[PDB]
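See structure below.
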């Protein structure tokens, strides 16, 4: 599952894309059930 | 802390913005320490 | 092409998701060629 | 205005973050007036 590199001009954007990236990656630390109970 | 409504034209976009929204909200279920240990 | 509604808790998030949504929608105002010349 | 580098694990994510990044950068090719007329 590839390690790819995204160049970002602008710290404001970079920090936003970073935010999004992390929160997406950090979701695998939650049980599938929690993520499901959060939706309903 | 306001409840706001974002109208989305397109299911492909909506599902992306949804994805991002959830993963951002679902991060409060993780310890601040986990989020920190994930960064380093 | 559906009009869907995304509820957002938090103005900081809403404004981010809004930003992303707009910039994605506003890209249809550019020529496909511009978007392509921007990539290369 | 810094050039920063965001490493992404996963092509699906990378392509999403790329999408967002581009559409945000590609908005400077539109007149401020267009972006404003799009909002109202």
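Positions of Cβ are generated from backbone atoms using ideal geometry, with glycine treated the same way; all protein chains shown enter the neighbour counts. No value in this document is a laboratory result; all are computed from the given coordinates.
Hey, does region B:19-35 have a residue that's in a helix (DSSP H, G or I), within 11 Å of chain C (Cβ to nearest Cβ), within 22 Å of residue D:39 (Cβ to Cβ) and in contact with a strand residue (DSSP E or B) (Cβ under 9 Å, 6 or more places away or on another chain)? Within region B:19-35 (the criterion being in a helix (DSSP H, G or I), within 11 Å of chain C (Cβ to nearest Cβ), within 22 Å of residue D:39 (Cβ to Cβ) and in contact with a strand residue (DSSP E or B) (Cβ under 9 Å, 6 or more places away or on another chain)), the answer is yes, since at least one residue qualifies. Taking region A:1-18 as the range and being more than 7 Å from chain D (Cβ to nearest Cβ) and either surrounded by 15 or more Cβ atoms within 10 Å (Cβ to Cβ) or on the phi > 0 side of the Ramachandran plot (or both) as the test, only A:16 passes.
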